[PDB]
């Protein structure tokens, strides 16, 4: 008699309003709902849930229906509705399904539910009916039997609404090839949330990367003196067609991403412009003491030299200081990339580099993310690869995933393309030794659905220089807590 709950709920456990659904139509959720409930199977719904459904759908085709009212033409309650399933139906009736509140809370208190099939809607919506609070509730937001997630899907979206699917549970042909495999094969491996067998969420790539570097990396020294554990040659890829990979296992500093990127695009080399908006990510690397450690006593405090964005907009131009005007100097790699994207998308030379050996000594830091390449296919879908030489997995990586994915949206939009994928290529890939305990905590967190990032005022924005800080909404971002990690300078 094991029973399974099938629900869609917002992060605050919201499920409905005005005897109806809080959110516009979720197509894929519906496909999911259909498939799960038939393989005959029994669905069991509360009085009012039956009404919510439009009549042409009301008898749920190819499934035994049950309503639990006391006033309609069908059982008196849930315990008596289980009886009906044992008494008759014992033949054919495979697994059962409960599909409104009060019928959910009924099933929880009577403790007959072994599994929960939960569509996590990432947005909050006005609601007047809620799913009961339960142990394992953390899977929804930051709010002895308990419900442990065993499955977590990729992020989907419909009508501007991001959503995940999770499932929670109460807690000699070629055997004569084996002796050879045996001898070819081989202390305590950490794994990100080991209880999740089916790891669809694309954020597992980042969580499994962290595990790999800690289990199989090699302890090394470095420029900073802090010490690392590293690997070399690592790969992640993030899909941009449904959702946006803003990491959920720790809050990513979104404003910083978006400001630094707009700062790159103007070709600005004054870190003070970032700092004065409360984005201090450059400050430790442009202090007097650090410019002097870089043999650049002539540099003003804040001046990053001819770095990142200077090279994007003015490659090979002679650098002076951060107040000087370079308009018309060097190669504008960004405009050329866009022009080629608009006029000839099959060209294979759509690249932008930040690596200029002639100028490395003049920069505060040698660039980390130093190359990106764009690719269009035959459906007008755009993808981007970025090659990063040196990757602080703790701190920089999540920020960088966001940064370059956002640039892919920005470029897709001015070129009249749909963004498809971000491909992340990593060289020296390291975890600072003093971030390890923090990262082990992070690996005990189950990811939440990815948000969507929208571009507002699309009508106004025609060229890449037209974007401002106020032209993006992040929708449905529900991360776990910030985890503090000190920057190795």
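Numbering follows the first chain given and starts at 1.
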query: Where residue 186 meets residue 187 in the shown sequence, the number of deposited residues left unmodelled; finding: 4 to 9
query: Deposited residues omitted from coordinates between residue 99 and residue 100, as a class; finding: 1 to 3
query: 27-35 set against 46-54, stretch whose average Cα temperature factor tops the other in the entry; finding: 46-54
query: Higher-scoring stretch by recorded Cα B factor average, 401-409 or 193-201; finding: 193-201
query: Per the PDB entry, maximal CA B factor within 428, 70, 454, 442; finding: 70
query: Highest-ranked of 209, 261, 376, 177 once sorted by CA temperature factor in the record; finding: 177
query: Where the record places residue 391 (Cα B-factor, split into thirds across the chain); finding: middle
query: Residue 19 by Cα B-factor - lowest, middle or highest third of the modelled chain; finding: highest
query: Entry-reported Cα temperature factor of residue 123, expressed as the chain third it lands in; finding: lowest
query: Chain thirds of CA B-factor: placement of residue 269; finding: lowest
query: CA B-factor ranking of residue 92, expressed as a third of its chain; finding: highest
